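Worksheet: one structure, shown below.
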Amino acid sequence: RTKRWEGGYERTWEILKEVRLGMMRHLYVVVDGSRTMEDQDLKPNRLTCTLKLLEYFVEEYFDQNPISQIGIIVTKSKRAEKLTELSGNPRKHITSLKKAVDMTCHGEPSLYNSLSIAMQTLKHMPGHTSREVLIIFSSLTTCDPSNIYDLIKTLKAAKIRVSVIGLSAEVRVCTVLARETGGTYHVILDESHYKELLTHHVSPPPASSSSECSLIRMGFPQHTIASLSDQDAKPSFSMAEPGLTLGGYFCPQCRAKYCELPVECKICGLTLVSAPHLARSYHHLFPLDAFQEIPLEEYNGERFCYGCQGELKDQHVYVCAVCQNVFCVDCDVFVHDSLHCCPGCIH
Amino acid sequence: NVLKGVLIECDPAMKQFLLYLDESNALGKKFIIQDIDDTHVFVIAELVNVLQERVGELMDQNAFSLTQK
Amino acid sequence: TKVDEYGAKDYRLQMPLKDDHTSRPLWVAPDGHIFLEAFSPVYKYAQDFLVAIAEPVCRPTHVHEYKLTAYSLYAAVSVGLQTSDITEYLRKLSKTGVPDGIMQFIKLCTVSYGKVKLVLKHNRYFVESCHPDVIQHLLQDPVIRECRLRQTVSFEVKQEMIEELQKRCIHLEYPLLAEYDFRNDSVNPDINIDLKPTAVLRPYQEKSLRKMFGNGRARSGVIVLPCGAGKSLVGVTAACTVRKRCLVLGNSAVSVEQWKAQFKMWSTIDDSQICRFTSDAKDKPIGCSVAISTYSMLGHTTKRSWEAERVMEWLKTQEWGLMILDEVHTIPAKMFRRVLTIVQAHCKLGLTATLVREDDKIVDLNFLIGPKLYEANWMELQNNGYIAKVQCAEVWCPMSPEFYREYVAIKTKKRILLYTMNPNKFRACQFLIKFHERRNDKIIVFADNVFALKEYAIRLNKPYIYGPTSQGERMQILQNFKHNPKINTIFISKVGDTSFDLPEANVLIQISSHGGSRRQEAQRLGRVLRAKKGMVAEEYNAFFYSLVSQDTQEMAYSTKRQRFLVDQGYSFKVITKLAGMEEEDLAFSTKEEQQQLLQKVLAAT
Ligand SMILES: [Zn+2]
Ligand SMILES: [Zn+2]
Ligand SMILES: [Zn+2]
């Protein structure tokens, strides 16, 4: 047996050559606090990446569904702890996330305890509200005190929509949990896939044939202020060390003044909300019809794009199905993504 | 009395060297008018140029001559 | 030859700029200097190629610098590279072509190889050349005929004159080939030693060995590897490769012990098969094949002991397949170089962590042993984690006024002591020690002058180590320092940097040095280069501080001394003051304390 050096020098350089939608929804975000969260699985630290993107998702969740509320649970060392109960305040959740960036990130998570803690909370929720859970699964191993299939059957019976997002893992329990409950299980392909998946989850869940509709009693109070510079005022503190309130909303039953809306009654257990918050969801009820593509110029004499009055620099163009106005890809994307209405159809 | 001249302030190491220079008569003249302070002395205005030159020389005496080495 | 209005040498009249110079990352200067864009896409290939054909000068982060030399060109031919091969690839890499002055220079150095070869047989040394006529002109000087003893033609040469002849052969433009065909050698019996699979070989180690073993014949020369880079393993691996009787020589008995442990640790060889020919210890060297000794023993100029003479005569008569020389920077010494004439060795391999010395004898290694077979890029090893990231620093300790007053007054050697001992340097070390001690960092203090070493260590109530300290006391202190949590620093004299196996430490403070010498500086730094139990290269866990007295000769020596480290790429961050030293309780807080020490310092007489 001769050594590798008998052949010669390496000469490395020689290689070179010359549907119905559930409007109101209650969702709990489940996040692993397990050892794998400290792993630099993506470019940034997975814990930092997931928390940073969750702050965006939390804000967008309320931004697309004001009447909704969100909750967050952290699960580590076989335990599951409710980081923040269901609430309408993204800033409170986001504040907890910024704090959670320094979490111990030690131990093994428990899906069973995470789901059961959520179910013990979501079981008392009303029937009209869409009960949901979002699971950010990081470490494919998860300890459980009992057979998860019973809990899954209980989740179906409890009508709690569960959807799992697996990071670098395609787990069996998550597969069956999602598809049996009717939810979806997805895995992070890349940062864009993660951003896309959370963005997709912001959409209200499509109503299942097993889902039933219900009415809900709701309160629409009016903000009230002192008459003029601390005159005829009504001194009071906010219900949210609460400071004094110069002006704020009320409740016909609570008669307690509030600084921030929409919120659930702290007393009556009834939702208080302003009329624009409801209209913020009506785009779900008025889905915008897609504009037909005309990437070629197709002899369209309108050199300027109707939406942006700019000459179309590329072979990508769209025309409306009703008003027949012409819009460039940036206008069509912005219209379908942000405006949700056809400018010409408004006429 | 009152005395003409120039004041110079520097760290006490240089201040000692300055005192040493006339104490040793390196420049041959008692250019220090008086001991003002641990970092301050008053000196004759005409000798400040060779004094500054001797300080410059002292650095080269205590510094490596890079000279493209 | 050509200089612009500015001091820079210009070469517009010497070489053009190629059409795709932006893609080509290299320049070739007519004076032999070479530059390489370290950030270029082909840097990897260019680095290997330039390490193969040139001598590295500087290897900083963005642009490396190399220069061509006959020895480096011989090494290129030693790996089979033809003049056309190096020229063609150099031209391809060069964004400004190849200057004809260098091309013709390369021609001469390339054709001046393979012509003459030196070989030894039956304890006799023969100079062979393929061409028969070359001998007639090469012998035209009587120095060769007096050196000569009273195809492939050859003649025998007087052993004692081989050194003189070999040095002449270089300036005579006919270097002697030293390839040893240990594979096709039945005259010298092979030894039953192999590298046990426990040994792990790193890429740089493998590269250096592959370059040394360019073919089935071992090439003589010097390998430069840091102590932390496992130079010992390369030596052991080379012996396991040669499989023939080999002689290892260390600069100290401690090194001889280290080599024995390393051979047992890495090779299948048994303890009885290894002998440590030393005056202090005996293993019946004649009883085994592998021998280990020191230059002081074999190079000994005075009368040998009768018993040691027995082994030495046996050593003299036996032929050594491989001769491993450790810390060869000492080899050019008048006595140490004699060892090369005393011992008969087929191939000689030199190893050292600091191939630098203040005398102009370092270049003798090219003819005494051979060209640089390899030289590790210390920054690359840090980037690869093989070496600890050391955040070197230079603390500019301001000298005290009453000290400067005397320092400037006293021009004799006594000023070395006064610049070495002052309250600010003292307080700075005490502060850095306290800080790193309370930081739970192992600290090694280094000094030269024993007077300052003692007065510092006693005032700091810490154990010092120096020459007359017996080996038992010396090692007992190291064991306490390593294991006892209540001790975290040791004050070592030159004994620690000259030659030793000191336990690795996170921090090192050098309060005194022999001078602006590069060798001792890199030897001292070598002690902290060892990777720790759980460090990472980006952690900057290792530290190295040089304490210098401002406005003193120490400044000159320190900057002069750092030359080799800055050339390797280390950044000597200057520290003018340390925050907290103003409030931390430290010695010499009052002028009377300073006066008392100064008085005793003056008492040194
Ligand atoms: Zn109410
Ligand atoms: Zn447009
Ligand atoms: Zn439209």
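The count begins at 1 with the first shown residue.
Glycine residues also receive a Cβ, built from the backbone N, Cα and C atoms like all the rest.
Comparing C:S112, C:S129, C:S512, C:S571 with the features listed in Swiss-Prot, the residue bearing the annotation phosphoserine is C:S571. Listed ranges C:2-5, C:182-185, C:326-329, C:498-501; the one Swiss-Prot annotates as motif 'DEVH box' is C:326-329.
Taking only the Cα positions, the spacing between C:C227 (ATP binding site) and C:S571 (phosphoserine) is 20 angstrom. Geometry remark: C:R527 (ATP binding site) versus C:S571 (phosphoserine), CA distance 18 Å. Note: the Cα of C:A229 (ATP binding site) and the Cα of C:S571 (phosphoserine) are spaced 20 Å from each other. C:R527 (ATP binding site) falls outside any helix or strand according to DSSP and counts as coil. Counting only the Cα atoms, the space from C:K231 (ATP binding site) to C:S571 (phosphoserine) is about 25 angstrom. In sequence order there is nothing to list: of C:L225, C:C227, C:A229, C:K231, C:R527, C:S571, none of the recorded positions comes within a CB distance under 8 A of chain B. Note: the ATP site is recorded as C:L225, C:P226, C:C227, C:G228, C:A229, C:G230, C:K231, C:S232, C:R527, C:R530; in the same chain, C:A353, C:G526, C:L529 also have Cβ atoms within 8 Å of that site's Cβ centroid.
DSSP assigns C:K231 (ATP binding site) to a helix. All chains included, 12 other C-beta atoms sit within 10 angstroms of the C-beta of C:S571 (phosphoserine). The two recorded residues C:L225 (ATP binding site) and C:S571 (phosphoserine) have their Cα atoms spaced 20 Å from each other. Taking all protein chains in view, 22 other C-beta atoms sit within 10 angstroms of the C-beta of C:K231 (ATP binding site).
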